[PDB]
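Participant: Handing you this structure, nothing more for now.
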Amino acid sequence: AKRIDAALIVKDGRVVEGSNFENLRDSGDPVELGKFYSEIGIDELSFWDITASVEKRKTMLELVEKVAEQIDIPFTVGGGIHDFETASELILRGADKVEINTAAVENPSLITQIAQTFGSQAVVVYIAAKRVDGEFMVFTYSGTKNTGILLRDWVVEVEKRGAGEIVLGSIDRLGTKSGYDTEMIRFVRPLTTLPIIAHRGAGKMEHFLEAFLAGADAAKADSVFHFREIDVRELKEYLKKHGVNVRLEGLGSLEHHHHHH
Amino acid sequence: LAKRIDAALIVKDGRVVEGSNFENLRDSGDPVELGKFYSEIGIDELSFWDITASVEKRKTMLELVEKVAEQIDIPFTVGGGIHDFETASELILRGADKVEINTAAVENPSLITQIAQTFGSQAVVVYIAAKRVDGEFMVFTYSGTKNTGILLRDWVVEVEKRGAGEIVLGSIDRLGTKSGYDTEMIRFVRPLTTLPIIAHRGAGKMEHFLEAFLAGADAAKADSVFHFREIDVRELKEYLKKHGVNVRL
């Protein structure tokens with residue numbers, strides 16, 4: 001059952017670089033945009049906060065509270081979640097799950113803490129990996145620091161520690177539009193039973209097919225959606241046409257059988 | 001207040017599955033003659049539910065609605081694995097008053113809206129096959145075979161929202177039974193929708209119909225109980241009228 005997720009980069013309650021959806025009242029509003037995606041075919045949402053100010057904690061708490069009120073699809077919260085306290089806060093305020101990265105690499109017991117308390121399904125681990133001298137290596141601090149940890153070991157450990165899902169983002173595909181890193185997805189696939197979520201590289205609908213053929217369970221994208229390079233309904237219909245098990249329930253939820261001229 | 005009595009014919013390869021007990025007819029297995037006979041003795045609407053398997057399904061169903069539309073003058077629905085707008089569209093333009101959809105609509109509720117968008121809500125019937133599971137009514141697809149995990153109460157609301165004209169509410173918990181319509185299920189659904197609600201499965205005797213209407217049903221559908229002459233359609237209409245049910249006579 002392949003999943004299509006939309007990720008929103010958010011800063012001080014705003015979608016960073018907004019979106020091209022004219023129909024919205026405010027195309028930089030995270031909650032409105034997010035509700036929109038939920039009503040046109042997105043399976044799950046991610047909100048990633050990069051608010052650098054002192055206000056970050058409450059800013060993120062306020063985001064998930066608004067989002068849980070307005071939206072009925074599963075969503076993930078992430079950004080700079082660094083301990084159990086803030087992770088607990090965010091889940092309790094409404095987050096179906098939290099997306100952790102650097103804090104997990106620094107302290108893998110953190111995966112286990114959250115999972116033991118809120119269930120493993122509330123724990124998503126984002127893995128930023130990059131080819132370094134012929135090996136997949138794990139990077140932290142916004143894909144800047146090489147931890148010296150191999151991808152193949154970090155994957156095994158993350159499942160061991162009790163994560164529900166792994167988001168697998170290729171630094172080697174950052175900024176690009178030539179496709180998901182299907183090599184990296186095929187590498188990781190035999191190493192875990194967890195849901196693998198692909199990120200970075202997506203540029204056209206066929207990229208999503210390739211990702212799923214590689215064995216991804218879900219595929220995340222952001223600007224390709226926000227900027228409408230790919231229409232979500234079009235994407236879902238394309239996948240289904242070529243035999244991919246995708247959910248169509250969410251399609252056309254905003255449309256009606258009347259005609260408003 | 002006005003209550004409706006429908007007969008449903010299960011057909012396969014142009015033939016009535018397990019036929020009927022109407023010796024008068026020149027062919028008790030012929031859907032057109034059986035349906036025509038039903039139309040004269042007082043049935044208000046017909047459903048033809050095709051289970052044709054092998055690759056002729058699409059063509060078979062179209063020949064069927066063509067024949068039916070020619071001989072019969074009461075409304076009818078056609079249904080049985082109708083999976084997209086184009087199919088439904090052909091069938092209506094070929095003479096069906098209404099198309100019924102189920103599994104296709106559950107997986108793709110937009111199908112409801114597309115059809116209604118063109119032909120109007122009254123052209124769209126949605127069949128909801130439901131069963132109790134762990135204390136909740138659940139929606140089942142693929143001929144009652146797949147537990148979708150979708151709650152009946154959520155699906156009923158969505159079905160109206162999307163633009164269906166009426167809901168055939170078929171209880172899998174009464175499948176093949178004769179002890180009566182699922183009036184508990186019918187009562188559960190009644191305040192969830194403004195749409196005509198049509199009861200299916202459970203009917204064994206005439207009183208069962210009265211019960212269903214008391215439960216808030218707007219129409220009752222039955223099949224084998226009519227075909228095998230356990231209930232007579234005219235006697236049914238007379239009974240209901242007698243105890244105050246606004247049926248057509």
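Following the order of the structure tokens, first chain is A, next is B, and so on, with residues numbered from 1 inside each chain and ligands from 1 in the order they appear.
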Which polymer residues have any atom within 12 Å of an atom of residue 52 of chain A, counting only C-alpha atoms, with same-chain residues fewer than 4 positions away left out, as a ChimeraX atom specification?
Facilitator: /A:10-12,56-57,59-60,79-80
Participant: Write out as JSON lines the residues of chain A that have any atom within 9 Å of an atom of chain B, one row each with the nearest atom pair and its distance in Å to one decimal, counting only C-alpha atoms, sorted by chain and then rising number.
Facilitator:
{"residue": "A:247", "atom": "CA", "partner": "B:107", "partner_atom": "CA", "distance": 7.3}
{"residue": "A:248", "atom": "CA", "partner": "B:108", "partner_atom": "CA", "distance": 5.3}
{"residue": "A:249", "atom": "CA", "partner": "B:108", "partner_atom": "CA", "distance": 5.3}
{"residue": "A:250", "atom": "CA", "partner": "B:108", "partner_atom": "CA", "distance": 8.2}
{"residue": "A:251", "atom": "CA", "partner": "B:110", "partner_atom": "CA", "distance": 6.7}
{"residue": "A:252", "atom": "CA", "partner": "B:110", "partner_atom": "CA", "distance": 5.8}
{"residue": "A:253", "atom": "CA", "partner": "B:110", "partner_atom": "CA", "distance": 7.5}
{"residue": "A:255", "atom": "CA", "partner": "B:113", "partner_atom": "CA", "distance": 7.7}
{"residue": "A:256", "atom": "CA", "partner": "B:113", "partner_atom": "CA", "distance": 6.1}
{"residue": "A:257", "atom": "CA", "partner": "B:117", "partner_atom": "CA", "distance": 4.1}
{"residue": "A:258", "atom": "CA", "partner": "B:117", "partner_atom": "CA", "distance": 6.3}
{"residue": "A:259", "atom": "CA", "partner": "B:117", "partner_atom": "CA", "distance": 7.9}
Participant: Restricting it to C-alpha atoms, dump the selection as a tab-separated table (two decimals), in the first residue's frame.
Facilitator:
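See selection38.tsv below for the written result:
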chain	number	residue	atom	x	y	z
A	247	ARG	CA	-5.06	5.13	-2.06
A	248	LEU	CA	-7.58	7.15	-4.13
A	249	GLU	CA	-10.07	7.88	-1.31
A	250	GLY	CA	-8.77	11.37	-0.71
A	251	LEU	CA	-9.00	12.46	-4.33
A	252	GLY	CA	-11.67	15.04	-5.25
A	253	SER	CA	-12.93	15.53	-1.67
A	255	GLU	CA	-15.35	18.66	-5.53
A	256	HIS	CA	-19.11	18.34	-5.87
A	257	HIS	CA	-21.78	17.23	-8.34
A	258	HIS	CA	-23.25	20.68	-8.71
A	259	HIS	CA	-22.07	23.38	-11.06
Participant: If you count only C-alpha atoms, which residues fall within 12 Å of residue 242 of chain A, apart from same-chain ones fewer than 2 positions away, as a list in words?
Facilitator: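 What passes the distance filter is residues 205, 206, 208, 209, 210, 212, 213, 235, 236, 237, 238, 239, 240, 244, 245 and 246 of chain A.
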Participant: Would you export the selected residues with N, CA, C and O atoms as a short mmCIF file (atom, residue, chain, number, x, y, z; two decimals), in the first residue's frame, please?
Facilitator:
data_model
loop_
_atom_site.label_atom_id
_atom_site.label_comp_id
_atom_site.auth_asym_id
_atom_site.auth_seq_id
_atom_site.Cartn_x
_atom_site.Cartn_y
_atom_site.Cartn_z
N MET A 205 6.62 12.53 -12.10
CA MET A 205 5.82 11.42 -11.58
C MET A 205 6.52 10.06 -11.68
O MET A 205 6.42 9.23 -10.76
N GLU A 206 7.25 9.83 -12.77
CA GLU A 206 7.94 8.56 -12.99
C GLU A 206 8.96 8.26 -11.89
O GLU A 206 9.21 7.10 -11.57
N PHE A 208 8.53 8.64 -8.83
CA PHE A 208 7.81 7.99 -7.75
C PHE A 208 7.63 6.50 -8.03
O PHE A 208 7.72 5.67 -7.13
N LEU A 209 7.39 6.16 -9.29
CA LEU A 209 7.31 4.76 -9.70
C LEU A 209 8.63 4.05 -9.43
O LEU A 209 8.66 2.98 -8.80
N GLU A 210 9.72 4.65 -9.88
CA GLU A 210 11.04 4.07 -9.71
C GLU A 210 11.33 3.85 -8.23
O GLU A 210 11.83 2.79 -7.84
N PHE A 212 9.26 3.31 -5.83
CA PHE A 212 8.48 2.19 -5.32
C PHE A 212 8.98 0.87 -5.86
O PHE A 212 8.93 -0.14 -5.16
N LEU A 213 9.50 0.86 -7.09
CA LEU A 213 10.07 -0.35 -7.65
C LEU A 213 11.32 -0.73 -6.87
O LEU A 213 11.60 -1.92 -6.65
N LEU A 235 -0.52 12.57 -9.95
CA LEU A 235 0.51 11.64 -9.52
C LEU A 235 -0.15 10.34 -9.08
O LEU A 235 0.26 9.27 -9.52
N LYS A 236 -1.19 10.43 -8.24
CA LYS A 236 -1.88 9.23 -7.75
C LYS A 236 -2.49 8.43 -8.91
O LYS A 236 -2.40 7.19 -8.94
N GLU A 237 -3.11 9.12 -9.86
CA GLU A 237 -3.73 8.42 -10.99
C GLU A 237 -2.68 7.74 -11.86
O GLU A 237 -2.93 6.67 -12.40
N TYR A 238 -1.52 8.38 -12.01
CA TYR A 238 -0.43 7.81 -12.79
C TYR A 238 0.07 6.50 -12.15
O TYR A 238 0.26 5.48 -12.82
N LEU A 239 0.31 6.54 -10.85
CA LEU A 239 0.81 5.36 -10.16
C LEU A 239 -0.18 4.19 -10.28
O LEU A 239 0.21 3.05 -10.59
N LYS A 240 -1.45 4.49 -10.07
CA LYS A 240 -2.50 3.47 -10.13
C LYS A 240 -2.61 2.85 -11.52
O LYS A 240 -2.74 1.63 -11.64
N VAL A 244 0.60 0.42 -9.36
CA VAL A 244 1.01 0.67 -7.98
C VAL A 244 -0.20 0.75 -7.06
O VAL A 244 -1.18 1.44 -7.35
N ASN A 245 -0.15 0.03 -5.94
CA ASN A 245 -1.23 0.13 -4.96
C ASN A 245 -1.25 1.48 -4.24
O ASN A 245 -0.61 1.63 -3.21
N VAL A 246 -1.98 2.46 -4.77
CA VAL A 246 -2.15 3.76 -4.10
C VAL A 246 -3.59 4.02 -3.67
O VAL A 246 -4.53 3.56 -4.32
#
Participant: So that I can see what lies close to residue 61 of chain B, please list as a list in words the residues with an atom at most 9 Å from it, counting only C-alpha atoms and leaving out residues fewer than 5 positions away in the same chain.
Facilitator: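 Once the nearby chain positions are removed, what remains is residues 13, 14, 50, 52, 56, 66, 78, 79 and 91 of chain B.
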Participant: Those residues with N, CA, C and O atoms, as a CSV table (one decimal), in the first residue's frame please?
Facilitator:
chain,number,residue,atom,x,y,z
B,13,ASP,N,-24.3,-14.3,-17.5
B,13,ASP,CA,-24.3,-14.6,-18.9
B,13,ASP,C,-25.7,-14.5,-19.4
B,13,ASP,O,-26.3,-15.5,-20.0
B,14,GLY,N,-26.4,-13.4,-19.2
B,14,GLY,CA,-27.7,-13.1,-19.7
B,14,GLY,C,-28.8,-14.0,-19.0
B,14,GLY,O,-30.0,-13.8,-19.3
B,50,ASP,N,-25.5,-8.2,-12.2
B,50,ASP,CA,-24.7,-9.1,-13.0
B,50,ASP,C,-23.5,-9.6,-12.3
B,50,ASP,O,-22.6,-8.8,-11.8
B,52,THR,N,-21.6,-11.8,-14.2
B,52,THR,CA,-20.8,-12.4,-15.4
B,52,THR,C,-19.4,-12.2,-15.2
B,52,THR,O,-18.9,-11.1,-14.9
B,56,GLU,N,-16.8,-11.1,-21.2
B,56,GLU,CA,-18.0,-10.6,-21.9
B,56,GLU,C,-18.8,-9.8,-20.9
B,56,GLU,O,-19.8,-9.2,-21.3
B,66,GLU,N,-30.3,-3.0,-22.7
B,66,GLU,CA,-30.9,-2.7,-23.9
B,66,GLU,C,-32.3,-3.4,-24.0
B,66,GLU,O,-33.3,-2.8,-24.3
B,78,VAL,N,-28.9,-1.0,-12.7
B,78,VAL,CA,-28.0,-2.1,-13.1
B,78,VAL,C,-26.7,-1.9,-12.2
B,78,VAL,O,-26.3,-0.8,-11.9
B,79,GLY,N,-26.1,-3.1,-11.9
B,79,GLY,CA,-25.0,-3.1,-10.9
B,79,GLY,C,-24.3,-4.4,-11.0
B,79,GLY,O,-24.8,-5.4,-11.6
B,91,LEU,N,-23.9,2.5,-19.8
B,91,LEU,CA,-25.0,1.8,-19.4
B,91,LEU,C,-26.3,2.7,-19.2
B,91,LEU,O,-27.4,2.2,-19.5
Participant: When distances are computed from only C-alpha atoms, which of A:146, A:182, A:117, A:112 shows the smallest separation from residue 163 of chain A?
Facilitator: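 Answer, going by the shortest atom-to-atom distance: A:112.
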Participant: So which bits of segment 209-251 of chain A end up alpha helix (DSSP H) when you DSSP the backbone, as JSON, numbers by chain?
Facilitator: {"A": [209, 210, 211, 212, 213, 223, 224, 225, 226, 232, 233, 234, 235, 236, 237, 238, 239, 240, 241]}
Participant: Set the distance at 7 Å and use only C-alpha atoms: which residues neighbour segment 126-134 of chain A once local chain neighbours fewer than 4 positions away are removed? I'd like the list as a ChimeraX atom specification.
Facilitator: /A:99-101,138-140,143,151,166-172
Participant: Output the selection as an mmCIF file, in the first residue's frame - N, CA and C atoms for each residue.
Facilitator:
data_model
loop_
_atom_site.group_PDB
_atom_site.id
_atom_site.type_symbol
_atom_site.label_atom_id
_atom_site.label_comp_id
_atom_site.auth_asym_id
_atom_site.auth_seq_id
_atom_site.Cartn_x
_atom_site.Cartn_y
_atom_site.Cartn_z
ATOM 1 N N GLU A 99 9.664 13.284 14.073
ATOM 2 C CA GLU A 99 10.761 12.927 13.173
ATOM 3 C C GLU A 99 12.082 13.405 13.762
ATOM 4 N N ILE A 100 12.915 12.472 14.216
ATOM 5 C CA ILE A 100 14.180 12.837 14.833
ATOM 6 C C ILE A 100 15.350 12.364 13.964
ATOM 7 N N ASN A 101 16.468 13.068 14.062
ATOM 8 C CA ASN A 101 17.641 12.752 13.266
ATOM 9 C C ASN A 101 18.903 12.833 14.112
ATOM 10 N N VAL A 138 26.451 8.208 7.274
ATOM 11 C CA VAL A 138 25.392 8.978 7.899
ATOM 12 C C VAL A 138 25.834 10.378 8.310
ATOM 13 N N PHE A 139 25.127 11.383 7.804
ATOM 14 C CA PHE A 139 25.413 12.766 8.158
ATOM 15 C C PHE A 139 24.383 13.332 9.128
ATOM 16 N N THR A 140 24.832 14.276 9.956
ATOM 17 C CA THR A 140 23.975 14.957 10.923
ATOM 18 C C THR A 140 24.182 16.460 10.799
ATOM 19 N N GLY A 143 22.877 17.620 7.323
ATOM 20 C CA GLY A 143 23.714 16.994 6.320
ATOM 21 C C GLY A 143 25.095 17.611 6.180
ATOM 22 N N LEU A 151 25.813 3.713 6.836
ATOM 23 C CA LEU A 151 24.366 3.631 6.666
ATOM 24 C C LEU A 151 23.855 2.260 7.079
ATOM 25 N N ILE A 166 11.504 4.702 8.844
ATOM 26 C CA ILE A 166 12.762 5.346 8.487
ATOM 27 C C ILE A 166 12.534 6.204 7.273
ATOM 28 N N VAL A 167 12.816 7.495 7.398
ATOM 29 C CA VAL A 167 12.876 8.355 6.228
ATOM 30 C C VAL A 167 14.320 8.388 5.752
ATOM 31 N N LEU A 168 14.509 8.119 4.471
ATOM 32 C CA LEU A 168 15.832 7.956 3.918
ATOM 33 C C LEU A 168 16.111 9.042 2.894
ATOM 34 N N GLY A 169 16.811 10.097 3.319
ATOM 35 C CA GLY A 169 17.085 11.236 2.456
ATOM 36 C C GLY A 169 18.493 11.261 1.884
ATOM 37 N N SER A 170 18.604 11.257 0.565
ATOM 38 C CA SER A 170 19.909 11.267 -0.075
ATOM 39 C C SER A 170 20.466 12.672 -0.217
ATOM 40 N N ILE A 171 21.528 12.951 0.529
ATOM 41 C CA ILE A 171 22.237 14.203 0.380
ATOM 42 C C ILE A 171 22.736 14.306 -1.061
ATOM 43 N N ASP A 172 23.016 13.161 -1.693
ATOM 44 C CA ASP A 172 23.475 13.131 -3.090
ATOM 45 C C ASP A 172 22.367 13.494 -4.081
#
Participant: In segment 70-224 of chain A, what's strand (DSSP E or B) per DSSP? Answer as a PyMOL selection string?
Facilitator: chain A and resi 75-78+97-100+123-131+136-140+145-150+165-170+196-199+218-221
